[PDB]
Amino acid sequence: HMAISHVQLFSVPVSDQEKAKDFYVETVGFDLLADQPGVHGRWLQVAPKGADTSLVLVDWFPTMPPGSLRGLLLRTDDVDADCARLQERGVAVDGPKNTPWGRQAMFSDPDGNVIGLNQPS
């Protein structure tokens, strides 16, 4: 067996990092973990409070154009209340809709990366 425990972090491709920061922190409600110089650009790291795996809002990977990410699903304890909050904050939400694997909704960040919410049954 390998000694890998979990995904530490993964990257979300953005253009304007200030607008992305404000979106993930203020609109989606993540904590800001880091905002500091990095090797390839400004290192801007956000995550839900208490979560093991965080997100880095990057602009330096040519193979990941801004807004190109799909298939990111966030677990929530209250999808209905979260979608109403997002709507109040000016976010267009698709759903929620019931599925076989939980009640789910979708929305986009400022660059067009698509984020899902899932509350399991």
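In this text, rigid core is short for the largest set of C-alphas that superpose within 1.5 Å between two forms. Start at 1 with the first residue shown and count on from there.
Asks: With everything overlaid on the rigid core, name the stretch, 32-40 or 67-75, whose CA atoms wander farther on average in 5 other deposited structures of this protein.
Replies: Per-stretch check in 5 other deposited structures of this protein: the more divergent one is 32-40.
Asks: Say the other structures are aligned on the rigid core; which stretch then has the higher CA RMS in 5 other deposited structures of this protein, 84-92 or 47-55?
Replies: Comparing 84-92 with 47-55, the larger C-alpha deviation in 5 other deposited structures of this protein belongs to 47-55.
Asks: Would you mind comparing 5-13 and 102-110 for me and telling me which has the higher average C-alpha temperature factor in the entry?
Replies: Result of the comparison: 102-110.
Asks: Using only the Cα atoms and their B-factors as the entry lists them, report which of 36-44 and 86-94 averages higher.
Replies: Averaging CA B-factors over each stretch, the winner is 36-44.
Asks: Would you mind ranking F30 by its C-alpha B-factor against the rest of the chain and naming the third, lowest, middle or highest?
Replies: Bottom third by C-alpha B-factor.
Asks: Splitting the chain's C-alpha B-factors into thirds, which one does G50 fall into?
Replies: Tercile = highest for this residue's CA B-factor.
Asks: Is the Cα B-factor recorded for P65 in the lowest, middle or highest third of its chain?
Replies: Middle third of the chain for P65's C-alpha B-factor.
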